[PDB]
Structure formats: C-alpha cells, structure tokens
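Protein chains in written order, with the numbering used here: chain A, 1 to 81; chain B, 1001 to 1097; chain C, 2001 to 2097; chain D, 3001 to 3108; chain E, 4001 to 4096; chain F, 5001 to 5093; chain G, 6001 to 6272. All C-beta atoms, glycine included, are put in the ideal place defined by N, C-alpha and C.
Structure, rendered in structure tokens:
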C-alpha cells in the first residue's frame, strides 16, 4: 500500500531528544521549528539518497551508497558501513 | 510522597541521558517518517535496514549539534529557557542552508 | 554652530563605505605585518604582489564575515553595541581551529 | 557545403578540444570516452549564462557599458538560486551587498 | 611564455547573450576562475562516482547524474534540459 | 573487492598492550577512518603533485601531503617516523 | 475519437437557452428529447415535459438537501454529504460531465463531500457556485476550479468561491495549488485571483516582510509567488525567498477597490 499520511507529526521526542545535550528548562514553542529544521535536514539527505539510487539503477537503497551521499553533502555521519 | 525542588532534577536527568548512548528516537516512527518523506518527490522505492538506521543516525547527530549550540546562544542572553529567536539565530550562524 | 548626535555617524557612513568596494586596509603596513608574521617560521620568503592582494582580501572577507555575524548576534540580545561576549560566541560558532 | 565537422556538432560555443583535454586531465583510470562528452559543454554553457544574464540584469542598474567586479558581487548575491552554487562567494574587491538592519533605526 | 587561457570563448558568449556591453580584466579573471572550479568539482565527483559504481568508463548518464547532484534544482532542471537538448543535437550527426 | 584492513587493525591492537580486545563494531569505525583519510590524502597528494606537473608521486610530495593536511603536533612527529620508516626500507639494499 | 463528441440535444433550462460544452457517456434518451429541461428547484430530468408538474404538485424539496454551512448577506454556501447522497451526486455528476472534461466516470464519483453554493430568495435556492476536492494532500491542490450556472458569470462568483476556498484553507492551514493543465476562463481569472490577493498582500504592510508569510495568508507558496513577482508586468525584487522587497507601483486598481470587490465573508465556518 502507498497512501500519504502525516509523519511530520512525528512524536514529541524532542522533549527527550533535546534531552541528549545540555538543554535546560525548555519553555516550548520549539516543536514547530524543530519540526521545520529536521524536515529540511531529512529532505536534504534523502534527495541525494535517491539520486545515487537512480544512479544505482536498482530500486532498493543501501548503506555504502548512503555514506557516499552523506559525505558528499558535507555532513558526513562517519562510520557505519 | 516527598519530592523536592524542580530544576536540579533536570540536571540529574541531564547526566542520566548523556552517560548513556542509546539510539534515542523510536524506530517504526522514523521508518514511517522516512518512507512518507521519500515516496513523494521521487517515486516508489525500497529501503534497507542498515541504510535507514544510518540515516536517522545522521538526523540525530545533526540535530543534537544544533540544539547544543542553540543552548549556548540562549545562555548568551543571560537566560535559561529555550525560545525561537535563539533557534533561528543558531540556524543562521550555522550557515543558513 | 551646526551639530548632530554623537552616534548618528551611522547611516551616512553606511553609504560611505557601501558604495565603494575598494580594499579597506591600508596596504604596505599590512605588507609589513604579514611579512613579520611570516618571517619567523622560515627564511628568505618574498611575496608576489598579487599574493599580497589575495591575502589582503582574504582577511577583508573573513573579517567582514566575523563582524557581520557579531552584528546580528549583538542584536540577538537586545543590545546596541558589540562587546566581547559577542565576538566570543562568534568564535564559538566558527567551527575552525 | 563544407566537409569539416566544425566542432559545434551540437551547436555550442565552448572549445571541445579543451573539453577533451580537461576530461583526460582529471584522468583517473585509463579509458574515458571523449566523444560523448559535449554534455558537459552544455553545463558550462548554461552557467556561462546563469551569470552573464544577471550581468545583463545589473548592467542597467549602474549605467555602465563595461562589466566589472562590484556588480559581479551583487550578482553573485542575486539570489538563493546562486548563493549556494558558490557557497563561498567572495570575489576580489567584491564588496558586500547594501544592508542596514531593521534593528538600529528607531526614529531617534 | 605559453599559457592556456579561457577568456576568448567567454567574451564571444558574453557578446552573444547580451549584445552591447563591455568587460574588464579582473572580472575576466573572476569568471574564468569560476568556470574552471565548477568544472573542477563536477570532474572530481564524476570520477568519484564512476569509481564507486564499479563501472569502468565515464558516460553521459554518469555526468547527468553528476550535474544533478552538484547544482541546485533551478539550474538542475535547466542544465538537464539542455543536457538532453545538446545530446539531441550532437547525437544528430548527419550529412546535412 | 572483498578486502578490509581489520586484521591489520587487530595486529596493531595486539602490538599495543595486548590485553584488550577489538570490539565487534568499532572495527568498522576504524576501517572507515583509515580509508577515508587514506583517500583524502590521496586526493590532495594527487593534485599537489599535479600542480608542478611532475609525472610520478614520490617522497617529497607525500611528506608535504602528510604535513599539509594534518595538524601540528601529530603532523611533525608523524613526518619524523615517516622519514624513519622510509629510510628503514632503504636500510638494507 | 469517441469520448469528446458534442452529443446531446442542447440545454433549455425552462425558458433560458444554454448551448453545451462537451460529451458525457449518454443514454441517448436525453439526446432523443430535444430538451434538457432541468428543474429550477432540485434539478431532475426524465423523458417528458408535462411530468415536470408531478413535482410541481409534489415539491417539498427545492434546494440541495445536506449541510448548508453558510449564507452571507448574498449567497448560501453548502456541502453535499455524498456517501449515501449519491442521489444528489447523480445530478451533480451528470451536470458536471456535461461541463467538466478532465475526469471521467470510469471510477464512480463518490469519494469526496462536494462543495456547493446556492442562493435562496424567499422562494428558494438556486445553485450559483460549486466544485469538489478530494480528502487531503493529492498534489497540494487547495484551489479547485469552478461551477456556476451559465447565466450570471463575468461578475465575481468565481472570486467568491475562491475566497470561500481560501478561508477554508486558512482554517485547515494546508497549502495547495490550482489545477495543473488549464481551465478556459480559469487562467486569466486565476491571474485576477492572485492579483487582488496580491494587492491585499502588498498594501497592508507599507514595509517588507518575509515571503513565506506572504506565502502564508493566501497559502500560496513558492510555486505561485514567483509568477506573482514576475507576471504582473515585471517587479524586480532581488529574487529569493530569504527576502525580496516590495515597491511602489501603479496601484491604480488598488485605487479602485469599489467595484465588484466590495464584499466578502468573515471566517465563521465549520471544519472537518
């Protein structure tokens, strides 16, 4: 099945995910702009993800190719495959 | 039922998570997230588990970087909450796009 | 006598730099200073002159990037001048060591 | 009328011997097709144009006839379409765009 | 006393896009530095992804991929339109 | 090709203190940095010996590569044993 | 070769002659009648004339039946609950495929709750505006095209139906688009649509605000705002959605906000 639903309503995970670094008391309204910044970052990594896949000419995705893309956007999340 | 002052309990939960290194966002939530952002601009394609795991690894690392230096920008203004103008000043100092 | 506010040098000097893109820093003292910092690692170096032009507008570009970000980081915090915490937060967000 | 493949066998305007040379000077392995590669002439044509057309844009804005460098930096910061193509944009004696902020003016 | 130069084709294409203007020497050097470094990064990642695909010869599909992944979307749709159009033109290599 | 470095990583970790163990998953991290800073010193060595248009790549350009990217302290003791081991190949005939 | 032939007789709504637009897969009985005599009340059709008075002796329904959402001082606004109101969707869809080319009854046309727009007098309603959507997020597509009775166009019914859709975009905060290919009056009308929202988008500030905000209060983002910037004549703005500027222009039709732009609807509506 393939139907569009809204996973932009991700989860309120940032009230533990901003609990990864030294976020003090939070005071909110960050949910929509943390939503905006992570949607920008995921769309940035996913369009060159699928770009190598059409240069891969097979309709899966993979990890060595995702780290190829991930360093070519500069934000090289190093070390997984 | 005795529970004393809030706020330094924020500090022990601070040290509680950053001792640990568990992958902090939830799995099938990012699964449906990355499918339903990928399927639209380019058509129906398939994923692999290690690749998607690594790409939310990228998502975590990038956004934890941006909120820690957002915290530094917030405490510039002598203030302890987190508010939006800190966030967009952080995004702008970080090289707008 | 005609006189108008100390602190209202702002907009006329804004246009007064902004129309022209000529190189701000005065040349041969800047030659002397780059010669002096270079002179204490390795001997007998010369400069080519357009190399001096290159490193001159390199320091011009990097300085205008610096205090453009300290300008809006100063206005980040309801402040009218730049001060030392502003440049220190710039040198937090620089990312280059 | 002429028996000479006159180097624009697509009809473009950049030197293709230079393109064969630049492809065999990036030159990693050993066999690299220099015949197909006019599809990179077309990209260096497209952004010849994607700078010189906004050269022609700001050519009116300064009332010149001779194109120069500060107008080149105002065109290098035409827009977000072309900031990002040259992420570090600083060209020599380029100056900066005119910008006051909304902060300092308060009718004082 | 012998140097490859870029400026010639540059000024003829400048005069054909826009008819009636003039150029300048340091502005000539800034746009020829621009054209060779944009070639530089397309070439580097072209060799890089024709390396990591485990395929042996550089190809037009490979560099259409390359130009898609390096430049943003507005000039992506431009550059792919005249990529296909240029290969339509030089592919059409007939007697007439 | 199927080809890694992790065995030579393991021999290195043994010619440390041999008391520890290579972990299950950090050897992928070790593989990824050894090949990526391998590849990037290869890139810069390529074009830095290409700017003088000299055909091979050899000693002078490699020690200038492995000084001109990596920062100060580990660079200079790195190039110290660089000269050491390259003489130590030539130490015999 | 088959599905676009002008097949019917003509349209004669009571005493008012309207010639058609295009095909629909007819029972040829309606072509065999020389009329399309529609009903002035609830819009039904059959194979005779003097059975147009069995409802005239039977009439207890004289408007579309379901949820009348709004009437202003001028016209009523409406939604058909057409899951099991396929019966009103009957004469909706037959009139539509008299006048709506691009989709076809190859599926059956249930799956949205269709938006209608009439006007009662004391004698009752008359359909003066209509179209549909689907549920959500097909291709964006807030702006969906027009239906109107064929005799009171060229004055602003399309303006009123699109501001209807604009408010219900505002109370859904969802961003969409017009139809992709074309609509006949729809092109220059939609130029007018973003034009008058554009004059209400550059007048109210006197300064310059960021452009996602002016992509906000009319809910048309970066696929519309570019031809707002360029297809009124040329408004050179240092292109970029980081900021562009706005400037003084002729403002001449802004100096005529008195004719055919004099009335609108306050946001008083129900949601879904």
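- Counting other Cβ atoms within 10 Å of its Cβ, residue 3032 of chain D reaches 16 or more and is therefore classed as buried.
- Residue 1025 of chain B is not a Cβ neighbour of residue 18 of chain A, given a cutoff of 8 angstroms.
- Taking C-beta separations shorter than 8 angstroms and ignoring five residues to either side along the sequence, residue 2005 of chain C has no partners in its chain.
- Counted as a single uninterrupted DSSP element, the stretch harbouring residue 2022 of chain C is not any beta strand (DSSP E), since DSSP gives it neither H nor E.
- DSSP places residue 1092 of chain B within a helical segment (H, G or I) once states are collapsed to three.
- In terms of Cβ geometry, residue 3028 of chain D and residue 4096 of chain E do not form a close pair [threshold 8 angstroms].
- Contact of residue 2077 of chain C with chain B by beta-carbon distance below 7 angstroms involves 1076, 1077.
- When DSSP reads this structure, residue 6018 of chain G sits in a beta bridge with G:6011.
- Contact note: residue 1085 of chain B does not reach chain A at a C-beta cutoff of 7 angstroms; the least C-beta distance is about 10 angstroms.
- In this chain, the alpha helix (DSSP H) harbouring residue 4073 of chain E covers 4073 to 4091.
- For residue 4059 of chain E, the C-beta contacts it makes with chain D under 8 angstroms involve 3033, 3036, in order along the chain.
- Using a Cβ-Cβ cut-off of 8 angstroms, residue 72 of chain A counts as an interface residue toward chain E, since at least one Cβ of chain E sits closer than that to its own.
- Look at the beta carbons and you see the segment 6161 to 6174 of chain G touching the segment 6131 to 6151 of chain G: at least three pairs across the two are nearer than 8 angstroms.
- Contacts with chain F at 8 angstroms (Cβ-Cβ) include residue 78 of chain A.
- One alpha carbon belongs to residue 4091 of chain E, the other to residue 4080 of chain E, and they sit about 16 angstroms apart.
- Across the segment 5014 to 5031 of chain F, CB contacts with chain A closer than 9 angstroms involve 5026, 5028, 5029, 5030, 5031, in sequence order along the chain.
- Inter-residue distance for residue 5009 of chain F and residue 4025 of chain E is about 55 angstroms (C-alpha atoms, whole angstroms).
- Within chain E, the residues whose beta carbon sits less than 7 angstroms from that of residue 68 of chain A are 4052, listed in sequence order.
- Taking 8 angstroms as the threshold, the shortest C-beta distance from residue 2092 of chain C to chain B falls below it.
- Taking C-alpha positions only, residue 6195 of chain G is separated from residue 6241 of chain G by approximately 19 angstroms.
- Collapsing the DSSP output to three states places residue 6220 of chain G in coil.
- Taking 8 angstroms as the cut-off, the beta carbon of residue 6214 of chain G is found closer than this to the beta carbon of residue 6201 of chain G.
- Residue 3040 of chain D: member of the alpha helix (DSSP H) spanning 3038 to 3062, first to last residue.
- Check the Cα spacing between residue 3059 of chain D and each of E:4004, E:4017, E:4069, E:4002: the tightest is with E:4017.
- With distances taken between CA atoms, residue 6094 of chain G lies nearest to G:6023 out of G:6262, G:6254, G:6023, G:6047.
- Secondary structure of residue 5026 of chain F (DSSP, three-state): helix.
- By DSSP's assignment, residue 6141 of chain G forms no beta bridge with any residue.
- Residue 4 of chain A reaches chain B at 1036, 1039, 1040, counting residues in chain order whose Cβ is nearer than 9 angstroms.
- Taking the CA atoms as reference points, residue 1064 of chain B sits about 10 angstroms from residue 22 of chain A.
- Taking all protein chains shown into account, residue 6044 of chain G has fewer than 16 neighbouring C-beta atoms within 10 Å of its C-beta and is therefore exposed.
- The Cβ-Cβ distance between residue 6229 of chain G and residue 6237 of chain G falls below 8 angstroms.
- Taking CB atoms only, residue 4041 of chain E has no neighbour in chain A less than 8 angstroms away.
- The three-state secondary structure of residue 6125 of chain G, taken from DSSP, is strand.
- For residue 64 of chain A, the CB contacts under 7 angstroms within the same chain, skipping 5 residues up- and downstream, are 81 in chain order.
- Chain-ordered, the chain A residues with CB closer than 8 angstroms to the CB of residue 1081 of chain B read 24, 25, 26, 27.
- Residues of chain C with a Cβ closer than 7 angstroms to the Cβ of residue 1044 of chain B do not exist, since the nearest Cβ in that chain sits about 39 angstroms away.
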